[PDB]
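[1] here are the coordinates; sequence isn't available:
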Ligand SMILES: NC(=O)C1=CN([C@@H]2O[C@H](COP(=O)(O)OP(=O)(O)OC[C@H]3O[C@@H](n4cnc5c(N)ncnc54)[C@H](O)[C@@H]3O)[C@@H](O)[C@H]2O)C=CC1
Ligand SMILES: NC(=O)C1=CN([C@@H]2O[C@H](COP(=O)(O)OP(=O)(O)OC[C@H]3O[C@@H](n4cnc5c(N)ncnc54)[C@H](O)[C@@H]3O)[C@@H](O)[C@H]2O)C=CC1
Ligand SMILES: NC(=O)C1=CN([C@@H]2O[C@H](COP(=O)(O)OP(=O)(O)OC[C@H]3O[C@@H](n4cnc5c(N)ncnc54)[C@H](O)[C@@H]3O)[C@@H](O)[C@H]2O)C=CC1
Ligand SMILES: NC(=O)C1=CN([C@@H]2O[C@H](COP(=O)(O)OP(=O)(O)OC[C@H]3O[C@@H](n4cnc5c(N)ncnc54)[C@H](O)[C@@H]3O)[C@@H](O)[C@H]2O)C=CC1
Ligand SMILES: O=C(O)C1(C(=O)O)CC1
Ligand SMILES: O=C(O)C1(C(=O)O)CC1
Ligand SMILES: O=C(O)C1(C(=O)O)CC1
Ligand SMILES: O=C(O)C1(C(=O)O)CC1
Ligand SMILES: [Mg+2]
Ligand SMILES: [Mg+2]
Ligand SMILES: [Mg+2]
Ligand SMILES: [Mg+2]
Ligand SMILES: [Mg+2]
Ligand SMILES: [Mg+2]
Ligand SMILES: [Mg+2]
Ligand SMILES: [Mg+2]
Ligand SMILES: [Mg+2]
Ligand SMILES: [Mg+2]
Ligand SMILES: [Mg+2]
Ligand SMILES: [Mg+2]
């Protein structure tokens, strides 16, 4: 069902050479060392190689690490990890007896872009926070939830390495850790980025556009109600803590009837959408969709940014942020 | 028109360089030696160089090969020729007077991925066997048919090279050799892979799925009728010698009427399909479809294999193969 | 479940009457006399009267036969069995204490065209082979699978007689034997004759027709690729032992992506075509659909044969068989 | 390409044992005797029997006929011919080595309901007339057209027997005879009975029904213009003689433009129809459609007759025929 803790046996004697010192590269670093592990760190000699050395991690080059450690936490992007894996690590992978390879998210594994040896223990360890607030909870010794699983194993005890890191990063005890597979992680992390999020923006991008152009509302008026307030975020504290559906008591009845009746009116209008995009991911199209834009130079990515920023809404909103006293993007 | 045989004049005095020694390697290789020609062979040093070494071919690398021969039999995949042709051969092609390129199939030529010199003759030589069974028919004398044609020539003495290599490969005499172009072969070799083959699988992947989940058949029951028996492959022999439509006498009348009526009921449902996929090939979309997923790292290819093997059908069929005593894969 | 073997008790102390000696006659005939049982055989005097008792099996007429046996293996067509059952056997059926009545396939039972007495042991024993090769499976000792079941019983041991006859036919042991009902047999044997087979022909009858009349291929060219070769041998024999899907390894990658992507494209296009036909069988229409044509002298059957043989394809393919030296229709 | 005549060689030294003496019975019978051929005749004993014998035919029973004749003109219906062919003729068919078998129309052959030996000469001889007027075309000597062909031969000269009978029936010389096969005959004879004829009736059954109920015309008024006059049948003679499209010259211009423009307006509305019915015949359904109705006792056939006769149109038309002084049914 769900795990709460495990023995912390294996990794006392084996070394862990971490790769990357990004956002997650700074949260896992602090914890495993502060829970009983000798560790070195990996990052190419740019600005980041000088900082985490000030954390006492005797940082070397990337390939210096995997040639020492039986583990490597590849806390680096899900996009350029391809480039690394075939210049450096694969010539290093085949030249090894045993190795335990872990990732954060599996946009590259689940969609088949990585096929490591059968001499390697494959696992996943997914934090479920943006990366900043996690440091408010670790100081509190507070666990937090993680997703796990396996793609490939040749050891029998591949899971305890994950359950070890499941206690190595301090995410448990206090929280929980889910058993799963790689497919069921990348599916969700992208489903948020396809179906429920962007529709939130379109409605806010349409209701405003529908108010001014058609129904005559002034631009400065509307945005104070839709999202320029903190209600759309201050609501989220209730959801994470007081629950989704009990949240509606804190708005009066006249908002409930208007909201619940429509939630079921326009339910089948969006389940039809989600059935398409998920099937557009289970097949791996979104990887072949993205992985060619990279091989063209981000044309569309450039344009749509050149529209939404230069759209009608941010125009009038930039005057608001110019008028509430906050910053103004160059 | 359909030819049977020709003179075997030109290649007496020109060395037969050969590239690749794969499945079609051993097909054409020991026939040109057997029917009286000199050969050097091309391949890249790996396990296939071993069995290639055991057969008396005096083998060099590829660049040294074409620097000797006026002909070449590029019996290598239809996918990595692009890699080879621009590293090795093209710097050698422009440094060659006259040369005659032969291929198996033209997925790369017909779709324009290869632009050889004007100083070169171009031909196609396609067998229509899988590759294994030729030495059951070859030593037996009864040959097998081939397809031919031209894309580009600057010689006027072109077709005899193909008709020469046609005897170089032993598929003639006894068999035949069809006159055609590059387009009309690569069109067909994929039309099988798009329209009539996969629909065969879907129906078998639906009728089973429709029997169990809706009509209550046990899974171990059905598969013994659909394809796991000697019903399907055993009748391919009747179609090969006794003819397609005369095959149906060997099933009684109650099976005939149910089949012929539906063959014409659901004909316009599939011609409707085939009109689309062929036009999706005549234009070259399928090459621009394949050419990119290569340049992404086989994402979709990985997934569908990760579905059909992990689907419902193979699961219960893997238990069957675990139960008839035959092999079952380590995966 | 998949039963493998049983005691062979019941069929000792009787005589095994058998009706019909067609293809499946000599299949089962050879084995009951081989595996230690007494037999008389039933067939109505024609050429088959020659070869049947020429192999030793004593013969009386059918009415002279079923009166001797408690069992009977009606290995005759699924079409004219109606004619026999009401002239001869039914006047003989009522004149029995017990009786055991077995068939090969149940196009006549499951669709209600036979309703035997109350004291008959009704069973099914279905081979799943064409009939010829069974001696290539038999003398190697390897069994092969059979389908079974019951419709109407008044004896308590309706299944042991089937399991008894199951060992009387040589298909077990070594192979298997499935428990089922009559409905689940005729459903499949006809579904192959309705959905996946004829579509195989139409595509081959369309792609060729579409190549020549629209895309300019010469007729002698195409057929050498589609089906005029024995390529279908070396693709489905792989399916017989090397598996449906693992056979794709023996075709290169470019033939896979073109095939698997389309198998899922045109899946829902054919599941419709199956659902409409199976429901046309579960209701019993196809038995009525045949049964009236039989009562009109095979008009349509005569015509479609006068089309498919006189079509464009055989008009050209016959000249190829006229040209490879293989047999032409004599 | 078309034939006009042949040598009259084969049928000398034989006897032509005819079966049936119906409407076409007296068509072919009178002529074969009166152009130099010996004949016996076949018909099962009813009122029709002795009238042929009253005209000199040495008649016997049916099965008597075939054993005296290498030929058999089966001038009988296309429906009960099945009943005969398996009770009587099939036990008799193998009595001959060579035997010749001729029909009028092939609703039973082309749709596969007959499969004779491979030692029998199979042919078709189709007159194209009702049967009454042939003895107006005959005495004047002017021939008339026929359709021919073969289904099965085991003799090498299956055609001169047809070209022989082609002079046995007198339809040539003077006329023509077309080369064809069985399929291309039954296709046409039924296509007339499916597409162009019944639509003629429906329009006449609708335009009237549309005039009275909707647009207010009286019933006695309209029918005098639509079909109760002999114009419509007199519109036909000009077609048979002066040709289809030159026929319209005898109607003034205001009727032409109203007719030609609509002939092309509502063309694809009926080609869309005909494509369905012919394919409903080429596959052989209409024989299976009919053949089962015979095996159910003509239920529908009874009803539609019980409707169209008891419809609104014949009701008011029967009063008109009751009013012009002609018959009343
Ligand atoms: N705070 C966040 O945004 C969270 C990130 N993740 C996961 O973290 C992983 C990466 O995210 P972050 O690094 O934390 O944020 P980030 O976007 O700031 O990543 C920057 C990192 O990329 C590294 N890098 C990229 N290419 C490199 C190359 N050729 N050589 C050396 N270093 C290279 C750099 O060292 C740098 O540290 C992803 O897989 C993601 O799934 C998961 C939860 C939230
Ligand atoms: N059953 C089949 O696969 C048949 C093959 N063909 C055609 O023959 C050609 C190739 O067929 P096969 O070689 O027999 O199949 P294959 O998949 O077994 O090819 C492997 C062979 O190609 C060579 N090779 C492979 N990759 C190479 C690379 N990167 N660099 C250098 N050499 C490499 C190797 O020497 C190896 O022996 C294709 O055009 C194919 O369409 C046509 C008839 C049947
Ligand atoms: N390859 C096959 O045909 C197989 C046959 N079966 C089943 O076996 C049964 C019949 O199969 P077969 O006899 O082998 O095929 P078949 O169509 O060749 O039947 C020939 C036999 O039927 C007998 N027969 C035919 N007409 C008869 C009649 N009017 N009166 C009396 N006897 C007549 C004859 O004695 C002859 O021996 C069916 O239930 C069929 O489903 C099942 C597995 C495969
Ligand atoms: N106006 C027409 O109906 C024409 C007739 N035909 C063809 O002539 C053939 C039959 O036409 P007709 O005989 O002239 O019309 P009919 O309907 O008047 O036939 C009645 C004749 O057929 C015989 N007969 C009827 N029922 C019989 C039965 N149960 N058993 C034995 N004999 C029976 C009788 O001797 C009787 O004289 C058909 O094949 C038809 O296609 C073709 C051209 C025109
Ligand atoms: O913010 C809301 O949702 C309000 C409501 O009750 O409708 C205005 C207070
Ligand atoms: O006659 C049939 O329907 C069978 C077939 O295999 O197609 C024997 C069962
Ligand atoms: O690789 C292919 O496409 C071939 C096939 O037969 O399917 C060999 C030609
Ligand atoms: O019969 C016709 O068609 C008439 C016309 O000229 O319109 C009335 C005479
Ligand atoms: Mg970088
Ligand atoms: Mg994501
Ligand atoms: Mg996420
Ligand atoms: Mg290689
Ligand atoms: Mg191909
Ligand atoms: Mg091929
Ligand atoms: Mg019989
Ligand atoms: Mg069947
Ligand atoms: Mg079957
Ligand atoms: Mg009568
Ligand atoms: Mg008619
Ligand atoms: Mg007519």
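    Arrived safely, thanks for sending. Numbering: from 1, shown residues only, chains lettered A, B, ... in the order given. Ligands and ions are numbered 1, 2, ... in the order given.
[2] for the closest residue to ligand 13 within the stretch 201-330 of chain A, what are its contacts?
    At 21.5 Å from ligand 13, residue A:288 is the closest residue in the stretch 201-330 of chain A, using CB to the ion. For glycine as for every other residue, the C-beta is placed from the backbone atoms N, C-alpha and C. Neighbouring residues of residue A:288 by CB atoms under 8 Å, 6 or more residues apart in numbering or on different chains: B:292-293, B:296, B:299-300.
[3] Strands of chain A, residue ranges please.
    Along chain A, counting by DSSP state E, strands occupy A:16-19, A:39-42, A:71-73, A:99-103, A:120-124, A:126-127, A:146-147, A:177-178.
[4] got the ones you listed as a markdown table, with mean neighbour count columns?
    As requested, the strands of chain A are exported to a markdown table (neighbours: other CB atoms under 10 Å in any protein chain shown):
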| stretch | mean neighbour count |
| --- | --- |
| strand A:16-19 | 24 |
| strand A:39-42 | 23 |
| strand A:71-73 | 25 |
| strand A:99-103 | 22 |
| strand A:120-124 | 23 |
| strand A:126-127 | 22 |
| strand A:146-147 | 22 |
| strand A:177-178 | 21 |
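[5] how about those, which one is nearest ligand 1?
    Closest approach to ligand 1 among those is made by strand A:126-127 (5.3 Å; CB to the nearest ligand atom).
[6] Grab the longest helix from chain A for me.
    helix A:197-213 (DSSP state H).
[7] helices or strands next to that one in the packing?
    When contacts are defined as 3 or more CB pairs under 8 Å, 6 or more residues apart in numbering or on different chains; DSSP states H and E, helix A:197-213 packs onto helix A:219-226, helix A:312-321.
[8] could those go into a markdown table alongside mean neighbour count?
    Listed next are the helices and strands packed on helix A:197-213 as a markdown table, based on neighbours: other CB under 10 Å:
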| stretch | mean neighbour count |
| --- | --- |
| helix A:219-226 | 15 |
| helix A:312-321 | 14 |
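[9] Now that we have those helices, can you turn them into TSV and tack on distance to ligand 6?
    Converted to TSV, the helices and strands packed on helix A:197-213 look like this (distance: least, CB to the nearest ligand atom, whole Å):
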stretch	distance to ligand 6
helix A:219-226	67
helix A:312-321	67
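[10] looking at those, which is closest to ligand 7?
    Proximity to ligand 7 (CB to the nearest ligand atom) singles out helix A:312-321 among the helices and strands packed on helix A:197-213, at 52.3 Å.
[11] the inter-axis angle of that closest one versus helix A:197-213?
    80 degrees (axes from the mean of the first three to the mean of the last three CA atoms, to 10 degrees).
[12] from what I can see residue A:301 touches residue A:293, true?
    Yes: using CB atoms under 8 Å, residue A:301 is in contact with residue A:293, at 6.6 Å.
[13] Touching, residue A:109 and residue A:151? I think so.
    Yes: assessed by CB under 8 Å, residue A:109 is found in contact with residue A:151 at 6.0 Å.
[14] what touches both of these two?
    Common neighbours of residue A:109 and residue A:151 (CB under 8 Å, 6+ apart) are A:122, A:124, A:182.
[15] list the contacts for the nearest residue to the second one once chain neighbours are set aside?
    Okay, so that is residue A:124. Among residues not flanking residue A:124 along the chain, residue A:149 sits closest, at 5.1 Å (CB to CB, 6 or more residues apart in numbering or on different chains). The neighbours of residue A:149, taking CB under 8 Å, 6+ apart as the test, are A:123-124, A:179-182, A:184-185.
[16] Tell me which of the helices and strands packed on helix A:197-213 lies nearest to ligand 5.
    When those are compared (using CB to the nearest ligand atom), the closest one is helix A:219-226, at 7.6 Å.
[17] show me what contacts residue A:44?
    By CB under 8 Å, 6+ apart, residue A:44 lies in contact with A:61-62.
[18] and if you look at residue A:18?
    A:25, A:28-29, A:39-42, A:57, A:65, A:72-73, A:75.
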